[PDB]
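First the structure, in the form of structure tokens, and then the observations on it.
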Ligand SMILES: Cc1cc2nc3c(=O)[nH]c(=O)nc-3n(C[C@H](O)[C@H](O)[C@H](O)COP(=O)(O)O)c2cc1C
Ligand SMILES: Cc1cc2nc3c(=O)[nH]c(=O)nc-3n(C[C@H](O)[C@H](O)[C@H](O)COP(=O)(O)O)c2cc1C
Ligand SMILES: Cc1cc2nc3c(=O)[nH]c(=O)nc-3n(C[C@H](O)[C@H](O)[C@H](O)COP(=O)(O)O)c2cc1C
Ligand SMILES: Cc1cc2nc3c(=O)[nH]c(=O)nc-3n(C[C@H](O)[C@H](O)[C@H](O)COP(=O)(O)O)c2cc1C
């Protein structure tokens, strides 16, 4: 019985070791955040437009000016290889088959170059800055291997307090690898190569990365650049002012700050203020959640745990199945609300509850 | 202990096979819709008018200009024969004994002509359009057999995602029949009779039926015409503008779109805007639910599952009993709020919570 | 462990037959009303006034111009003799010992005259009109035996639909008696005495008793007259306009109409509009509930089930104990909010939640 | 698994006798107050400021003009010696090691002088007035032994109705001592020394202590003076007008009046009106609760049960551990919301829910 995302979560929980399941499903502190991320979608209900010809519907849409099958993307998640063998490639290939982008994490188990060599879909790279020099190395690496878009994740200045991991003394799987940091030499001694090595021997990232640092990254990267982890129209607007081509409103799936607002709470305001592409994630499970955000102005929605449940439960085929269900879900919803063309979605189809 | 509608649901659940019970009780996806349909009635409470002579009360009222015993109707539901033998006739006869209309579904188990020959009450016909030509055949059939009112159901452009059925692999009972589509020939070959046969071999309806298509239906039908499945004052008004004599605000009992608003949410607005008869269904179980809608301007309320629980539990007598309880319920409520004549109901008896 | 009203309810439930307990605790239909009656008190919280000398507090107050120990009364309840032997007298004597009025029901087990002969406290009489002539007989009977105040209950035009009784086929106890209707002759034949006898052979009251009928009652009774069962500032005001000296906002403890508003919802408005004594009941269990109503302008609060739990659990002593706890409760609350004199209570001590 | 305050409560409940645990955890009457104290923090969520350099954070802050490690204090609680041997000293020493003040209760198990002789941290004294003369004795005693700040608790004019204690017939432990009242002589006879002895033989305090009485206390004490137990901007302002250097908004951890508002409800208003230091307690358990109050203008937050769980569970080390977790918690939160310097907190980081 695999008819929705919840069905896959249930199967994933039966197949994954508890420690791994908790690493995936867990949130920060009391987990009021993940619950809120889900609950907030109930603040909106649909007001369908009847007697509209929906015999011919289209989910196709442009994201950052480029067309894709539907306004979805498989977002950046670390240690996918812990959920399923070659998880990164499984996810990437399922996304490509579906006609949507896949975003590779800086903490992926498969390197930037290898995935680019094994998958010819639209690949994006999510950047975490631990060491400026090292980050610059990954950015150029992604540029030269053909990644089309760069995503800077800014909501991990410090690691989230996820108590499930603390209780399980969660340790990154033994057979796993932080490939992107592989071969970053050593044995060298001097300012850097000593200041760099010590930065790599730390589970914390660059907590000083600021606006000036963003400009730096902006000149380094030539293609589309998005800033991820924003929770205010003000920051979204500032990013556009600094060179960003768009943003990704997100609270990291409730894994960083338990009492953070849901990005859905500032979506409309960010769309109205920035006037630029506003993507979003955190809490999406049903096709209706997705349609509600799109109707509020979101350019696209990134999937986090949703597609990971498919991966952990049934590998690549599992990811394919979740994407198939979600697309049909989105399609079905568009038909029932009377909006045949997804790009025609507006707040007019919603009712504030 | 059969003192209310819930008591009949309980009995129906004990007597029906789980698959059939789930077909009846089930809703779309998470079933937040059916729960909302019930919960929304709690947004209103009564402010009784004391010291009013209610020794002589009247539930009689005009619906579309024609008088009936009370502002209730047994709405259109498919496969009633799966709940109880000759369910369609049981429901029709109970409605007639009570003095209210019965609406026959396009997917009923007893044909349009047979029911008209076995029941002389006020019979209405609910139309689903799968094939324009076939629909025209049923419409004329209903006209010639004496049906007084036609109801166009517009909220099934696509089938609702009801997961209970998916889990039970629900298949329309073997002893059941889609009588109205009986004898629609075959063996014929050409444009239609090939385009028509393929349409009949599909569980999906005409998703292209639009406003122009409604005008078409308007000229075809001479008597009262209602459009069912509306969830906005705007669409209700548009229907009146296109020829409709009234509308039926409904979310199909939460069986089509889980996150749809409850029709109660747009009832007052639809009444104020259209200035025409506004009927409503979805979520009604208690006499108070009914009185609240009537007080907000509804012309009448259609019963869906309420009377079906009586049917599945105790057949025709069961339907009679539910209608008797509801009428006494409505009567009792009118007395306790100080409104002896049902047609005197106004929002003045309500308090927004 | 009898430290509050809930503790007495628990004991009463252990000592009373289920049928009797359900007759007492039960409410109409779904019992959302009784739950609401309790929940509504949470819409207000206290904002204590610190550094106020509360070493000398007073709960004494005038009700309808007459002083009593505290702003409480034991309200009218029928069949008290079913909860405890000579329940009516037990309640009356406990009220008198506490220094507050006791209201006798028209459906009490002890007659108007007998209680007046066995209790010398402030006795009030609650009138139910089944037969005008019979009612007039009881009114004059109460006048001549020394009852100080008459209370007309207007919210029982029809009997409430209490399903607990239906399930238990609740029948008024065999050893009980409707004393006030005793000796109303028979064997007589003519217009009345035949129209009167048939009215007595009916469990329903005079559903036609209206405003004109109230004027009738107003001229018949010389002392203080209150109208009970009101749920709107408009009706409260109309009663004052017709001669009433005050009103009692009430929904009959949620026993008549499940979806009725709580009288607390119109308390402030009734106080502001009528400018006359506004008493109230329904849902009061804690001293804080009482203080909140008093702070909103209520002249006094009538106890229903609260003191009945004491009666059913431990008879007269039980009633004494509940009143003692409530008084100390009220006293304690006044001290903690900084309002030493109960007559100084105002909305300034409250916070709307 | 001791990763947060709740983990310590759980351990404390396993180690303490039920009667003692109930004395600590219990609240007044229905305990809706303690639940509300917790729930109210959910009315605010965070709106982090991204791309801010938080590599260098500071929790240091001035409280009443004096710098301390972080805006926290271990508030006044009675009978700490019942939770752990020499509990008062354990708490005082843990507070000092952490760099924050400890407030000694008038009902502590260790005397004013002894703690001052065994701990050289910033010690504050919380005053309860039972006898003016006796109170004056303690005040001067605290002054001469080096206590820096005096705190007048005004919300115990009468003892709270805590039913857990009533059910357990809670009696102050046999090995415990009300040290501060030790050696207050006897055997003396005359006005006082007879009026004083009778006051000491009473579990109730001076319910007459008013504004004039506060002026009296103001002239008696030369250093910083705070008034604790306020629940309105009006009273907070009045205290400043009477000489107070600041206030402590508090509902005594829901132990005095179950329906009292949470001090969080009047925090912003008190800050805006008084323009003086506004401290607060009641319901704080997570670092986020603390940060929310600080962001609303609170000078500091006093811990009650939070650090008591550490004490009862693991003594002094337990208190150290709770303070360490809370500090890291506060630090982590500041980083995740983009506010490196705690004194830079403003309502701009919050979202009203
Ligand atoms: C197991 C797991 C690992 C994650 N790793 C990363 C990462 O390496 N980079 C990043 O930008 N976000 C990371 N995220 C956050 C996601 O990109 C996304 O914001 C989040 O999962 C969205 O919420 P949802 O899980 O409810 O869909 C992770 C989330 C999960 C559940
Ligand atoms: C078993 C079942 C079958 C239904 N079949 C039809 C149908 O054939 N035509 C139609 O217009 N509505 C159909 N409906 C919807 C009803 O007309 C009505 O909108 C709905 O049941 C109202 O909600 P309620 O069930 O809460 O009363 C069906 C509902 C149920 C429960
Ligand atoms: C067992 C029972 C019998 C009652 N009988 C009467 C009656 O004879 N006359 C009347 O005016 N109200 C009657 N009432 C209503 C009370 O006067 C009062 O409105 C109600 O109990 C107040 O609510 P509470 O029970 O929550 O306090 C009755 C209530 C109960 C619980
Ligand atoms: C066991 C216990 C004893 C207390 N004793 C006192 C006291 O002696 N003096 C005082 O001012 N407050 C006293 N308080 C109240 C605290 O100072 C503080 O207001 C309260 O605990 C804050 O709420 P919290 O427990 O949720 O942190 C006590 C609280 C508890 C839990």
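Don't worry about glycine lacking a Cβ; one is built from the backbone with ideal geometry, like all the others, and counts go over all protein chains shown. Only the coordinates and a few stated rules stand behind these numbers; no lab work does.
Counting alpha carbon pairs within less than 8 Å and at least 6 residues apart, what relative contact order, in whole percent, applies to chain B?
28 percent
Quick one: Debye curve from the alpha-carbon atoms of the protein assembly as shown only, equal weights, vacuum; give me log10 I(q)/I(0) at q = 0.05, 0.08, 0.09 Å⁻¹ to two decimals.
With no solvent term, the Cα-only Debye profile gives -0.50, -1.18, -1.34.
Which angle from 0 to 90°, rounded to the nearest 10, does the C-alpha axis of helix A:211-220 make with the longest principal axis of chain A?
Around 90 degrees separate the two axes.
If we count other beta carbons within 10 Å of each Cβ, what is the order of D:154, B:153, A:317, B:96, fewest first?
So the ranking, lowest neighbour count to highest, is A:317, B:96, B:153, D:154.
With a 10 Å cut-off between alpha carbons and a GNM built on chain B, which of B:336, B:43, B:68 moves the most?
Ranking B:336, B:43, B:68 by mean-square fluctuation puts B:43 first.
Over region B:158-264, calculate the relative contact order: mean separation of alpha carbon pairs under 8 Å at least 6 apart, over the residue count, as a percent.
Taking the mean separation of contacting Cα pairs over the length of region B:158-264, I get 26 percent.
Which one of D:199, D:233, D:298 has the biggest mean-square fluctuation once chain D is modelled by GNM with Cα springs under 10 Å?
Of D:199, D:233, D:298, the most mobile in the Gaussian network model is D:199.
Apply the Kirkwood formula to region D:248-353: the hydrodynamic radius equals the inverse of the mean of 1/r over all pairs of different alpha-carbon atoms; give it in Å with one decimal.
In region D:248-353 this quantity evaluates to 14.6 Å.
Could you identify which residue out of C:219, C:120, C:289 has the top mean-square fluctuation in a GNM of chain C using Cα springs shorter than 10 Å?
In the Gaussian network model the winner is C:219.
What fraction of the DSSP beta bridges in chain B is antiparallel, stated in percent and rounded to the nearest 5?
Roughly 20 percent of the beta bridges in chain B run antiparallel, per DSSP.
Based on the alpha-carbon gyration tensor of region A:1-130 and its eigenvalue square roots a ≥ b ≥ c, which shape applies: rounded if a/c is under 1.5, prolate if not and a/b is larger than b/c, or oblate?
oblate
Can you list, shortest first in nanometers, how far residue C:67 lies from the same residue in the other copies, with each label 7 Å from Cα toward Cβ?
Here residue C:67 shows inter-copy label distances of 6.4, 6.4, 9.1 nm.
Shortest first and in nm to one decimal, what separations exist between residue B:120 and its copies in the other chains, measuring from label points 7 Å along the Cα-to-beta-carbon line?
Output for residue B:120: 7.7, 7.7, 10.9 nm, nearest copy listed first.
List the pair-distance distribution P(r) of region D:105-250, using every Cα-Cα distance, as the percent of pairs falling in each 5 Å bin from 0 up to the bin containing the longest distance, rounded to whole percents.
That works out to 2, 8, 17, 20, 20, 16, 11, 5, 1, 0, in percent per bin.
Whole Å is fine, so just give me how far the alpha carbon centre of region A:1-45 lies from that of region D:212-239.
Each part's Cα centre sits 51 Å from the other's.
Among A:36, A:131, C:144, D:167, what is the fewest-to-most ranking by other Cβ atoms within 10 Å?
Neighbour counts put them in this order, fewest first: C:144, D:167, A:131, A:36.
If you scale each eigenvalue of the Cα gyration tensor by 5 and take the root, what three semi-axes come out for region D:163-315, rounded to whole angstrom and sorted largest first?
31, 24, 14
Taking 2.2 N^0.38 Å as the expected size of a compact globular protein, what ratio does the Cα radius of gyration of region C:312-353 give against it, to two decimals?
In units of the 2.2 N^0.38 Å rule of thumb, it is 1.54.
Dimensions of chain A along principal axes (Cα, Å, largest first)?
Projected onto the principal axes, the Cα atoms of chain A cover 73, 47, 40 Å.
Let me have the 222 nm mean residue ellipticity of the protein assembly as shown computed from DSSP H runs of 4+ only, each contributing -39500 (n - 2.57), with the sum over all residues rounded to the nearest 500.
Result for the protein assembly as shown: -12000 deg cm²/dmol, rounded to the nearest 500.
Explain nothing, just the number: relative contact order of region B:91-213, from Cα pairs under 8 Å at least 6 residues apart, as a whole percent.
So the answer I get is 29 percent.
Defining the label point at 7 Å along Cα→Cβ, can you sort the distances from residue D:171 to the same site in each other copy, shortest first, in nm?
In ascending order, 5.4, 5.4, 7.7 nm.
Take B:286, B:215 and order them by how many other Cβ atoms sit within 10 Å, fewest up front.
Lowest to highest Cβ neighbour count: B:215, B:286.
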